[PDB]
């Protein structure tokens, strides 16, 4: 599992459950091609997005659908999504965890890169 997303909720002090995540890959013509998607589990984690074979070198965009998440919990948030763009596997294959910490008017996204 070379690409994983983990989401925490700073209001509840909990994993962020059932948050939708959409991943895109930049195509040769500089448009965004859909690459993978899913929703976080009870642990706030989303596994199984891709395989080592398909997760080739490139520029990737991870979008975390935070607005829908907060609204469902009764909170009006600021952002539509949390988003981060990064280049992956340009020094060879690595495992990436995108760790997101969410508040209604703020977030952080961190890439934890191993192997």
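Take the two forms, find the largest set of C-alpha atoms that superpose within 1.5 Å, and that set is the rigid core. Positions refer to the first chain, counted from 1.
- Superposing on the core and measuring CA offsets in 8 other deposited structures of this protein, the stretch of 82-90 and 45-53 with the greater mean deviation is 82-90.
- When 70-78 is weighed against 38-46, 70-78 comes out higher, by mean CA B-factor as recorded in the entry.
- Of the two stretches examined, 100-108 and 87-95, the record assigns the greater average C-alpha temperature factor to 87-95.
- Compared with the other modelled residues of the chain, the Cα B-factor recorded for residue 5 ranks in the middle third.
- Among all modelled residues in its chain, residue 30 ranks in the highest third by Cα B-factor.
- Residue 54: CA B factor lies in the middle third for its chain, per the PDB record.
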